[PDB]
Each structure stands twice: as structure tokens, then as C-alpha cells.
């Protein structure tokens, strides 16, 4: 029913937490996304008081380059990130937002609860 779908998988590792994402074109048509900088996504890890614990974007510099990307019918754009410190046990939420903009598409974002144990 939705043309594009973003999935998030959060996996607790020994030294860190890993986030695997896949932006999937489920439509029958190719879809173009445009970006105004090199940055492809944003990822933010919220705690139970909605304070930010991690932001992919902090500590990074992106080129001010326009980009033009086509996701074919069925194609996925796969991407991941590592949060380099396990926090304390509890439930958290990761919100990934895709920075590419498709004509006649709401911006693509997903959220995902995950427990650190």
C-alpha cells in the first residue's frame, strides 16, 4: 500500500549498539530522491524521558552538494550506523529520518523501540 518503507533494526553488541536500516521501494515505479547535502539520513536515540542519547549527525561534516538518486521498483537503499557506547539497561527509541526528498512523498521516517539489557 505505501510506496516507500523504512525499516530499523537495533542490535546490542558488546562494545556498542548497531542500527541497520533499509529504505525499500515497494511501488511498481522508479522514484527519485534529491538531497541538498551529502548527508543521506539522520538517526537519533531517545531515552525514556525523550532526552537525546545519540545523534548520527553530531561530530560530522557534510558537503553542500546536491544529489539525485533513483530507487528502482523493488530496490532498497541499505545503510547502518553504530552508537559507540552501550547505555544503561532500559527501553529506548531510535528515530531514523531519510534526507532524500521525493516529489509527492511525505518525508520518510521510521521509529523503533529497543531495550538495552
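Positions refer to the first chain, counted from 1.
Chemist: Would you determine, from the values in the PDB entry, which of 32-40 and 80-88 has the greater average C-alpha temperature factor?
Modeler: Comparing averages over the C-alpha atoms only gives 80-88.
Chemist: Residue 65's Cα B-factor: lowest, middle or highest third of the chain?
Modeler: Within its chain, residue 65 is a highest-third residue by C-alpha B-factor, going by the deposited values.
Chemist: By its CA B factor, does residue 49 count among the lowest, middle or highest third of the modelled residues in the chain?
Modeler: Answer is highest: the recorded C-alpha B-factor places it there.
Chemist: In terms of the chain's CA B-factor thirds, is residue 108 lowest, middle or highest?
Modeler: It falls in the middle third of the chain.
Chemist: Lowest, middle or highest third: where is residue 102 by C-alpha B factor in its chain?
Modeler: Residue 102: CA B-factor falls in the highest third of its chain.
Chemist: Can you tell me which third, lowest, middle or highest, the CA B-factor of residue 17 falls into for its chain?
Modeler: As the PDB entry reports it, the C-alpha B-factor of residue 17 lands in the highest third of its chain.
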